[PDB]
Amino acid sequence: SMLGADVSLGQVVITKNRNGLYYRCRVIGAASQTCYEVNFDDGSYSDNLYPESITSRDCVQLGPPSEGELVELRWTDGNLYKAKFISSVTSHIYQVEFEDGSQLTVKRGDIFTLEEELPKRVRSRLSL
C-alpha cells in the first residue's frame, strides 16, 4: 500500500527524461510493489519474487513467512523448488508527466525532491 510514502500525487519532482537531461515533472500516479527475497539451493537468489509464487504457505491471505523460514515455490518454468525465505520489501513507484506531456514510470530511488541536494552530475545536465 502507499503507507509510509514520502511523495504525494501532484508533487513537483526532478527526474531523468530518456533524452539524457534532468527536468522538473509532476507526479500523476502512485503504486506499491511487494517482492520477496529467496535463496535457492544452488547458491543463486531472487529479490523480485511474486508473493503468490510461494506454495508451502498462502502468503496472499496470511502474509509473509518468518525470516529464515524454509519454503517451497513454483518458478516461472512451472516447476517446484526449495528455497530459504530471507525478507519482504514493499517499494513505491510513481508515474510522472513532463512539460511536453510525455510520461514515465520511475522508482523512488531515481526521483529527486526539490529540497534534496543534487549531485554535480545532475546540476550539469539540468534543464530550466
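All residue numbers refer to positions in the sequence shown, first residue = 1.
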| item | value |
| --- | --- |
| Stretch with the higher entry mean CA B-factor, where the candidates are 112-120 and 8-16 | 112-120 |
| Mean temperature factor over C-alpha atoms, higher-scoring stretch between 53-61 and 40-48 | 53-61 |
| Residue of maximum C-alpha B factor among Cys35, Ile28, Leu70, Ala31, per deposited coordinates | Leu70 |
| Among modelled residues of the same chain, the CA temperature factor third for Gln95 | lowest |
| Third assignment of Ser66 from its chain's C-alpha B-factors | highest |
